[PDB]
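Asker: This is run-v3.txt, which holds compact mmCIF, C-alpha atoms:
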```txt
# COMPACT_ATOMS: atom_id res chain seq x y z
CA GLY A 1 -5.80 3.75 -9.07
CA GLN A 2 -5.04 2.26 -5.69
CA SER A 3 -2.59 -0.64 -5.89
CA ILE A 4 -4.14 -3.64 -4.08
CA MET A 5 -2.45 -6.93 -3.25
CA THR A 6 -4.40 -10.15 -2.87
CA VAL A 7 -2.81 -13.49 -1.97
CA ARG A 8 -4.66 -16.76 -2.49
CA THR A 9 -3.94 -20.31 -1.39
CA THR A 10 -5.54 -23.40 -2.90
CA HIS A 11 -4.67 -25.38 0.23
CA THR A 12 -4.92 -24.38 3.89
CA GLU A 13 -2.95 -27.47 4.89
CA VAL A 14 -0.62 -30.00 3.29
CA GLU A 15 0.82 -33.22 4.76
CA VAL A 16 4.07 -35.06 4.05
CA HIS A 17 6.27 -37.68 5.67
CA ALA A 18 9.53 -36.50 7.26
CA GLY A 19 12.33 -36.83 4.77
CA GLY A 20 9.92 -36.16 1.93
CA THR A 21 9.39 -33.19 -0.37
CA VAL A 22 6.30 -31.00 -0.12
CA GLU A 23 4.85 -28.00 -1.92
CA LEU A 24 2.83 -25.22 -0.28
CA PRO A 25 0.79 -23.47 -3.02
CA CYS A 26 0.52 -19.73 -3.22
CA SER A 27 -0.74 -17.28 -5.83
CA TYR A 28 -1.27 -13.51 -5.91
CA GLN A 29 -2.75 -10.67 -7.89
CA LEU A 30 -1.55 -7.08 -7.65
CA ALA A 31 -4.09 -4.70 -9.04
CA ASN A 32 -2.84 -1.44 -10.54
CA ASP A 33 0.91 -1.84 -9.91
CA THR A 34 3.14 -3.43 -12.53
CA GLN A 35 6.33 -3.11 -10.44
CA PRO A 36 7.66 -6.51 -9.17
CA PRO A 37 6.74 -7.25 -5.53
CA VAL A 38 8.68 -9.10 -2.89
CA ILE A 39 7.80 -12.61 -1.75
CA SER A 40 8.43 -13.86 1.75
CA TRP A 41 7.69 -17.28 3.24
CA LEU A 42 7.65 -16.95 7.00
CA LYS A 43 7.16 -19.81 9.51
CA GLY A 44 5.31 -19.03 12.72
CA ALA A 45 2.05 -18.01 14.31
CA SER A 46 1.80 -14.81 12.29
CA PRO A 47 3.83 -12.98 9.62
CA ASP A 48 5.54 -10.82 12.22
CA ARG A 49 5.90 -13.66 14.85
CA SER A 50 7.93 -15.85 12.57
CA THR A 51 11.27 -17.00 11.28
CA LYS A 52 12.37 -16.53 7.66
CA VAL A 53 12.09 -19.44 5.26
CA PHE A 54 12.50 -17.77 1.88
CA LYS A 55 12.63 -14.29 0.38
CA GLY A 56 12.79 -13.25 -3.25
CA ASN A 57 11.94 -10.72 -5.88
CA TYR A 58 12.36 -10.23 -9.60
CA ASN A 59 14.95 -7.60 -10.43
CA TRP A 60 13.96 -4.46 -12.26
CA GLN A 61 14.27 -4.67 -16.02
CA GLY A 62 12.90 -1.31 -17.13
CA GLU A 63 9.73 0.73 -17.65
CA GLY A 64 8.15 -2.36 -19.19
CA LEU A 65 10.64 -5.23 -19.28
CA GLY A 66 8.74 -8.38 -18.34
CA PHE A 67 10.05 -10.15 -15.19
CA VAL A 68 12.76 -12.73 -15.84
CA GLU A 69 13.18 -15.68 -13.51
CA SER A 70 16.94 -15.80 -14.07
CA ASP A 71 17.27 -12.13 -13.09
CA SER A 72 15.96 -12.31 -9.55
CA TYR A 73 16.94 -12.41 -5.89
CA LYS A 74 16.10 -15.71 -4.23
CA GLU A 75 17.32 -16.82 -0.81
CA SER A 76 16.49 -19.50 1.76
CA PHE A 77 17.31 -19.00 5.41
CA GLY A 78 18.32 -20.65 8.63
CA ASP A 79 17.34 -24.26 9.00
CA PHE A 80 15.71 -24.08 5.56
CA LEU A 81 18.82 -23.04 3.68
CA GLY A 82 19.27 -25.32 0.79
CA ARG A 83 15.90 -27.02 1.24
CA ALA A 84 13.43 -24.26 0.40
CA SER A 85 12.85 -22.91 -3.11
CA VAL A 86 10.31 -20.92 -5.13
CA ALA A 87 10.40 -21.83 -8.82
CA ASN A 88 8.17 -18.99 -10.03
CA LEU A 89 8.05 -15.74 -8.09
CA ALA A 90 4.91 -14.69 -9.95
CA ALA A 91 3.15 -17.87 -8.64
CA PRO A 92 5.21 -18.35 -5.49
CA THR A 93 4.47 -21.88 -4.34
CA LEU A 94 7.13 -23.01 -1.89
CA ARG A 95 8.95 -26.35 -2.30
CA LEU A 96 10.57 -27.79 0.84
CA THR A 97 12.83 -30.86 0.58
CA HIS A 98 14.14 -33.27 3.23
CA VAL A 99 11.29 -32.32 5.56
CA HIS A 100 12.30 -32.49 9.22
CA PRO A 101 10.02 -33.46 12.11
CA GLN A 102 10.01 -29.88 13.38
CA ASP A 103 9.20 -28.45 9.99
CA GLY A 104 5.52 -28.95 10.90
CA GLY A 105 3.80 -25.69 11.59
CA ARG A 106 2.39 -22.66 9.87
CA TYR A 107 3.90 -21.12 6.75
CA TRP A 108 2.86 -17.65 5.63
CA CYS A 109 3.01 -16.70 1.96
CA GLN A 110 3.42 -12.93 2.08
CA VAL A 111 3.56 -10.80 -1.07
CA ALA A 112 4.19 -7.06 -0.77
CA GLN A 113 5.10 -4.00 -2.71
CA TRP A 114 8.80 -3.20 -2.28
CA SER A 115 7.73 -0.04 -0.45
CA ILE A 116 4.46 -0.67 1.37
CA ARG A 117 2.95 2.76 0.87
CA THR A 118 -0.39 1.81 2.26
CA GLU A 119 -2.04 -1.18 3.93
CA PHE A 120 -3.32 -2.14 0.49
CA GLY A 121 0.21 -3.07 -0.62
CA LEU A 122 0.71 -6.29 1.37
CA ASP A 123 -1.23 -9.52 1.81
CA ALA A 124 -0.45 -12.87 3.41
CA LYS A 125 -2.15 -16.22 3.93
CA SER A 126 -0.96 -19.31 5.80
CA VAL A 127 -0.60 -22.96 4.86
CA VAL A 128 -0.19 -25.53 7.61
CA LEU A 129 2.36 -28.25 7.12
CA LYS A 130 1.56 -31.54 8.87
CA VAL A 131 4.48 -33.94 9.20
CA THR A 132 3.11 -37.48 9.35
CA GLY A 133 3.94 -39.17 12.59
CA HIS A 134 5.19 -35.96 14.18
CA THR A 135 2.47 -33.30 14.02
```
Written as structure tokens, how would this file's structure read?

Answerer:
Amino acid sequence: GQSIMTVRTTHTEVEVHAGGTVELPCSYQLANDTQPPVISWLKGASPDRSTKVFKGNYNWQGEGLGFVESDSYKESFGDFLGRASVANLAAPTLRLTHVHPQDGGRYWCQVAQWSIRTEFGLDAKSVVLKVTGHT
């Protein structure tokens, strides 16, 4: 009955050298709701006390039209534009290229129903990024 979101993260922290490429793993399960969710990667202390890194969602196909990676919204923001990507919105690990010294910090993988009807419809977990020689 009740739709329930659960985000998981294999890693609570990842390290890379500045100038390098890093991935921040993220997975989710959405019980009892087959509608595509919306993925946000948010950098900051908390999901609400953050700046946008990435946002995306599969586009609607139909009352049962499997999600299609090519038919999706995907956008990177701000200082991350052109450096941040999510290859698979259903398994929304973030890839960040050309890592800058100040890219160290806390990255929240948030996955939510498009309309968050209840508190059950959103979850988020954070992955720390350590930048070698800077963090």

Asker: Each residue of stretch 77-120 of chain A lying at most 10 Å from stretch 42-63 of chain A should get a row with its shortest atom-to-atom pair and the distance in Å to one decimal, counting all atoms listed in the file; could you produce that, ordered by chain and increasing number, as a Markdown table?

Answerer:
```
| residue | atom | partner | partner_atom | distance |
| --- | --- | --- | --- | --- |
| A:77 | CA | A:53 | CA | 5.2 |
| A:78 | CA | A:53 | CA | 7.2 |
| A:79 | CA | A:53 | CA | 8.0 |
| A:80 | CA | A:53 | CA | 5.9 |
| A:81 | CA | A:53 | CA | 7.8 |
| A:83 | CA | A:53 | CA | 9.4 |
| A:84 | CA | A:54 | CA | 6.7 |
| A:85 | CA | A:54 | CA | 7.2 |
| A:86 | CA | A:54 | CA | 8.0 |
| A:88 | CA | A:58 | CA | 9.7 |
| A:89 | CA | A:57 | CA | 6.7 |
| A:90 | CA | A:58 | CA | 8.7 |
| A:92 | CA | A:56 | CA | 9.4 |
| A:94 | CA | A:54 | CA | 8.4 |
| A:96 | CA | A:53 | CA | 9.6 |
| A:103 | CA | A:43 | CA | 8.9 |
| A:104 | CA | A:43 | CA | 9.4 |
| A:105 | CA | A:44 | CA | 6.9 |
| A:106 | CA | A:44 | CA | 5.5 |
| A:107 | CA | A:43 | CA | 4.5 |
| A:108 | CA | A:42 | CA | 5.0 |
| A:109 | CA | A:42 | CA | 6.9 |
| A:110 | CA | A:47 | CA | 7.6 |
| A:111 | CA | A:57 | CA | 9.7 |
| A:112 | CA | A:57 | CA | 10.0 |
| A:114 | CA | A:57 | CA | 8.9 |
```

Asker: What is the atom CA of residue A:121 to atom CA of residue A:65 distance in Å?

Answerer: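 Computing it gives 21.5 Å between the two atoms.
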
Asker: Just to confirm, what's the straight-line distance from atom CA of residue A:72 to atom CA of residue A:41 in Å (one decimal)?

Answerer: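 Between atom CA of residue A:72 and atom CA of residue A:41 the gap is 16.0 Å.
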
Asker: Go through A:32, A:40, A:2, A:12 and flag the residue nearest residue A:129, using only C-alpha atoms for the distances.

Answerer: A:12

Asker: Using all atoms listed in the file, which residue out of A:87, A:16, A:4, A:68 lies closest to residue A:30?

Answerer: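 Of A:87, A:16, A:4, A:68, the one nearest residue A:30 is A:4, counting all atoms listed in the file.
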
Asker: Residues within 10 Å of residue A:25, please, as a VMD selection string. Count only C-alpha atoms; anything in the same chain fewer than 4 positions from it doesn't count.

Answerer: chain A and resid 8 to 14 91 to 95 109 126 to 127

Asker: What's around residue A:120 at 8 Å? Count only C-alpha atoms, leave out sequence neighbours fewer than 2 positions away in its own chain, and write the answer as a list in words.

Answerer: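 Residues meeting the cut-off are residues 2, 3, 4, 5, 116, 117, 118, 122 and 123 of chain A.
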
Asker: Output the selection as a PDB file, keeping the file's coordinate frame - C-alpha atoms for each residue.

Answerer:
```pdb
ATOM      1  CA  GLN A   2      -5.040   2.260  -5.690  1.00  0.00           C
ATOM      2  CA  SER A   3      -2.590  -0.640  -5.890  1.00  0.00           C
ATOM      3  CA  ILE A   4      -4.140  -3.640  -4.080  1.00  0.00           C
ATOM      4  CA  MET A   5      -2.450  -6.930  -3.250  1.00  0.00           C
ATOM      5  CA  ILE A 116       4.460  -0.670   1.370  1.00  0.00           C
ATOM      6  CA  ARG A 117       2.950   2.760   0.870  1.00  0.00           C
ATOM      7  CA  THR A 118      -0.390   1.810   2.260  1.00  0.00           C
ATOM      8  CA  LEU A 122       0.710  -6.290   1.370  1.00  0.00           C
ATOM      9  CA  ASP A 123      -1.230  -9.520   1.810  1.00  0.00           C
TER      10      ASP A 123
END
```

Asker: Residues at most 12 Å from residue A:19, counting only C-alpha atoms, excluding those fewer than 2 positions away in the same chain, as number ranges by chain?

Answerer: A: 16-17, 21-22, 83, 96-103, 131-134

Asker: Could you work out how far atom CA of residue A:71 lies from atom CA of residue A:26, giving the answer in Å with one decimal?

Answerer: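 Between atom CA of residue A:26 and atom CA of residue A:71 the gap works out to 20.9 Å.
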